[PDB]
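Single chain ahead, written as structure tokens, the form deposited in one PDB entry.
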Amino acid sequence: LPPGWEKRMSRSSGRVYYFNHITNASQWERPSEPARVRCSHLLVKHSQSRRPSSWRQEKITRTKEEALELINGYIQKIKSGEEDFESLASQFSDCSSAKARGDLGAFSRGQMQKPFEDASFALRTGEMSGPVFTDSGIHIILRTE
């Protein structure tokens, strides 16, 4: 299995699925490195973020657990197709990249925070991460190139 995939059992249904402990992605199908990748992300900050402030909210007060629940809801609506990743990043990302639909441009290793970097480089093109934790907050990462 590609980098960091394991076989697990759905707790609710009992069907097997695949989980990636680097990206925190999970999927029902058997899963299908470059010098540079390009990603967008959607950041949700919380009271313990390195800088608990964003363009959206001067004083970010939500708990890490509340931030994780918001991230989980966004992932749900993105996966269902009710919402676009780009639309949710634009409206709700606690990052200045919200104005660019979460786009961060391309980058190589050695630039981003390590958990973010590892997830970015373990994603396949077009693939989306699960919740990814950094000192900034909680990210959803979409690898675009």
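Numbering starts at 1 and follows the sequence shown. Each form is matched to the other, and the largest set of C-alpha atoms that superpose within 1.5 Å is called the rigid core.
In the deposited entry, the stretch joining residue 32 to residue 33 is interrupted by 10 or more residues of the deposited sequence lacking coordinates. Looking at 5-13 and 118-126 together, the entry lists the larger mean B-factor for 5-13, computed on C-alpha atoms.
Judged by mean Cα B factor in the deposited record, 50-58 ranks above the other of 87-95 and 50-58. Based on the entry's C-alpha B-factors, the most elevated value among 26, 108, 76, 40 belongs to 108. Ranked by C-alpha B-factor against the other modelled residues of its chain, residue 63 falls in the middle third.
The same protein has a further form, the form deposited in another entry, not shown here; the description that follows concerns it.
Large C-alpha shift between the shown form and the other one, rigid core held fixed: of 27, 48, 113, 90, this applies to 48 alone, with a displacement of 2 Å or more.
A movement of the C-alpha atom of residue 65 falling short of 2 angstroms is seen between the shown form and the other one when the two forms are aligned on their rigid core.
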